[PDB]
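So this one's two forms of a single chain, laid out as structure tokens and tagged structure 1 and structure 2.
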Structure 1
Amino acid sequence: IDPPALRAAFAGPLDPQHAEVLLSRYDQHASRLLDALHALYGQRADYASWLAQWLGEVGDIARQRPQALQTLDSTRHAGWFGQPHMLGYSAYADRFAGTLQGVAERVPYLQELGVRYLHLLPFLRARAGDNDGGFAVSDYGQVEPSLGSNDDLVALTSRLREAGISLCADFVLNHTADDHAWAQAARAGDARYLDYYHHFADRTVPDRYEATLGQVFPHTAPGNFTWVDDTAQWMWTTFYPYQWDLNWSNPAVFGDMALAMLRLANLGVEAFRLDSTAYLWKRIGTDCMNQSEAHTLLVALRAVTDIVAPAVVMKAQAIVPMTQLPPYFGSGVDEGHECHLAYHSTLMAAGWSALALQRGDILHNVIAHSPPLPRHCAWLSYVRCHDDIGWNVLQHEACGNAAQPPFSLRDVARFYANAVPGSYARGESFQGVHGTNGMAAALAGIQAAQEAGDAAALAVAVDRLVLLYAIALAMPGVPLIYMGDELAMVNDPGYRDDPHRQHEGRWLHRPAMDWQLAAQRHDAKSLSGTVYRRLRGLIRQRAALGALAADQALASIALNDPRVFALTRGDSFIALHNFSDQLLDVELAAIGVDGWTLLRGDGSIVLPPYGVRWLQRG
């Protein structure tokens, strides 16, 4: 290619007043972008032609970036998302406050909680009919009418931004709704857009891929491939049948998606949850996951953002085994130049496992096996979310090692399914071992306690819930609270009586916000008020501990008491966790300390059942 030629295409649509800063960033990241793109599409006859054109469109989008956001681009500090005041909150805009304007009216609630990061679930145009809770996107550039307009989105981000809250939005970049403008163009016979997806005239290729492909909905939707009349072909569909996998091997797809992303950024979104990002690249003979190219694709999108909107962050999802997570942060030449965040799905699943089995040693294993985060990278740590808990990511760990004996994922799954006598949990099986649905409060024993009017059990359960969250709060990066958990909200059986949802078990833990329950957060004596106060405590404390910043180290101290989990941050902070229902103490000699206690140390630390203690070493 011809660098000066490509740079000129990019510049040009730029405003003379901002041309200097942008061209400066373009000069330091462009090469990475170009190398990534070349490895992906360099062999194509129309490469150089597409690049130049595309680059010209990237520059025009760069010019349209509102001044306030450009200023943010220049003032924001790298690794900003990893500061100790960062607290995350995830929820559906509709379940939470009806519309985007309604959500804006609720910002005072988020501010009171201490939220600085707000993830709104899919809110862009979704397929008519069932749209997988918004995950079948029909237009990446338009808010879903029932939720509002693009104007409300902009007004919302401006409101959140002044409250120090960064909007995280889903970029469902692996697949589109089958009614997206592209699928409709494809369905109409437009070969150009038909090529934006994976399509096959026969069952030939599908049969092959299926030989080594796993399944996301083995029961509900063995839909991994679908025959579509309109296109007269088999369409790759990893998820529901109406969600078509995009063909990222086509530069057109890459170019249009990078643009879509930059337009969202321009509307004020600061963080992009790259949904199903492990499935991006398809290659025969492979499970088509975590492929090397998927990573190159991410490096490219990352370069595009470093140049056009550096204040923006990319968060990888990927529900995969531990060894597959860290590479989303970039590898070798590209380490530190891929995703800034990754959901620590292993830590989260390991937490519920540790709780059911009353084994702190399982958490020690996860942390010990958690490699140190690269420069300006961090974890998205969490307790629950809109999805089912995927246990199978803990297979390797379940096998056990020299320090930790084996554990049964099957036993854990049954415990939370309440298919085993004595269980305080009330969840359900989703799709052998696979997944479990249910609210945190429902899994922690709170729902069962309330169900039986047993105050003793309720308190113990509150402890279990707080325990799990204390861990996420002690982690380097963004601890994401799932809507309602701060009030101990329980399951929502309502979907069962709904022909539109009864088929999707995950609705069990996707309730509408209980604002009357929210008002109780004040009555310190109420359950909600109690849970809310305990969490609020840990949040205010973590905000005051520079030792918890993402740049500080994360490690765990090996103990011979299987029930305890000792987590350390930097060299001055240690959090002790008792995952058993038994009172016990941790000897200071077992952690090499002798000091302070957070929101006084001389002798072992006594930890009640399911208790947590934060201490400042020394």
Structure 2
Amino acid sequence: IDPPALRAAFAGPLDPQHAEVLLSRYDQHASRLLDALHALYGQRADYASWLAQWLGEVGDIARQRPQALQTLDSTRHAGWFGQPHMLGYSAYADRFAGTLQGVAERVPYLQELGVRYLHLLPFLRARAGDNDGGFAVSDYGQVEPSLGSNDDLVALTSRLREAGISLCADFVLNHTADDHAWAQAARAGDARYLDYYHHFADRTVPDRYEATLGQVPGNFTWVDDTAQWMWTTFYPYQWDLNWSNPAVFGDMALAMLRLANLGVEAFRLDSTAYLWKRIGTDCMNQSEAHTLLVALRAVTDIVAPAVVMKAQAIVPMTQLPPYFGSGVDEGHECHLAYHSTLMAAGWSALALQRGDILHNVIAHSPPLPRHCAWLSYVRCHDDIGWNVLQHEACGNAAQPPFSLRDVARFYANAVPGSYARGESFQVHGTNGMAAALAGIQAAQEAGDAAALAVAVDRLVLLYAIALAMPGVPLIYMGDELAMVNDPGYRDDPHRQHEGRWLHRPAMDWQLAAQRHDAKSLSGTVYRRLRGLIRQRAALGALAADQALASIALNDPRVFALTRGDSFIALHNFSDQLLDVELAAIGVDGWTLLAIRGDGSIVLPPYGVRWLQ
């Protein structure tokens, strides 16, 4: 409890030329950091010494932050990630361009699309053999050799930065691969690193925990080398870190800052809802898990304020707001959170031709805290998790119930008339590319030009929705070219049995070349999306600090989304021509060229109209 001594510990390693700005930020945020750490570790006898030692290390890393990034830290404004020009892209570096140097040479492509936020999937050193597509991390401080070197990472972020692109990287902080140095040291008998994990000799403690835990068989894995049961929420080769140990917090905070110093500007906080373990509970979305994130945010506010934290928490709407900070800490936790509820409702709506479901989600979308926004999306590297919509599926006063079962069966083409070509993964989730799910694949396979045109309208409709949202709209690699499924995985050696590869294709650069050709399918999709991106960028009304709402319409097939007080986006989720009367939405304005009026607004099947 000696603030000046802690401040001195942090200040020591800083250089005089760059100590004032840093110390100024420490002075305004350090208290929140110390309060969070006290709540978590304050009772431990080793707390004070650990704290002063770690702060010194933090100071040393702060000092090492390249000048260009320190400059960014000082010039970037809070809320920068929510400006209308922000557009995201998510891809595997290997699938995209093979290696990190390859990705850097494709930046022009990302620049032309209008990308300003690039999420590269797990590219840090991963477990030998199976590693869940990189999510079993074995070194948080080093790039996977098959992808390149840390030098290539620095050259990539420097290049990205020039093009106005912020690299988002996964920070898998809940668990590490079981061949991570810490885990190997544990396996070797080091009690210091064994304690970086949750380990038990008998199933005595594990069963008590098992009493209230939900399983993502069981939550523990026997390990001969440590001769103990290790907590393994996900794959058996992924050991849950012990965040109740101050050392784990310290070292993980340092790893995060080292990544920030390599150019990482955004952190996708993986499985962040499982961070805190307490018997008698489901060990999910725990109070302390949020305190951990508040502490990591305070660390970034001090050392690398240009960076943002994004929660990866695929949970129902009601459990997302706390990720932006609750009560006293609102605005002091994560900057972004995935709006998975919206993503699943978009597809549910499309399959059911029901815009009322989207009115329901937006109408109930909790208002964003200042300087916080949503990561809106259509697809990603995982299966579509329909269960986050359990609550909305029950219906309410305005929206009758809908069937998650039927929605999943429709996209799995397990029902007669479906234009979808996804596959059930495990209500089981759905695998498949956006174009495969919206009808593009089926139409191409039937060589049915009319159906193709309509399928194209459906894909665009879903993306138009994400693009009108407050935050970062994230395009999943290849959707901009309407790439379809990749059944090749069923032929690949050690990849069959992992159905998600169906929607993890290697980037098709020939298709990409066709983007110029407006008569081609890829070129048609690319142009429609670019048009929305272009219009979005010019609408200050779409900035994340402007309101988001939805006007209740009595025609269930329509969805009216509003931003601020000047923008309205109209959507027809059915295959019928219909119209919306100006009365119902109180308008008479300009029709945006996503491509005026005092007459009703006619919407073609699956059409979208942006009005100012």
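For clarity, a rigid core is taken as the largest C-alpha set superposing within 1.5 Å between two forms. Structure 1's sequence is the ruler for residue numbers, which start at 1.
Only one entry in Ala155, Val205, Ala519, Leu357 has its C-alpha moved by 2 angstroms or more between the two structures when the rigid core is superposed, and that entry is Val205. The two forms, fitted on their core, place the C-alpha of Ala278 0.8 Å apart, compared between the two structures.
The two forms line up on their rigid core, and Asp287 then has its Cα shifted by 1.9 Å between the two structures.
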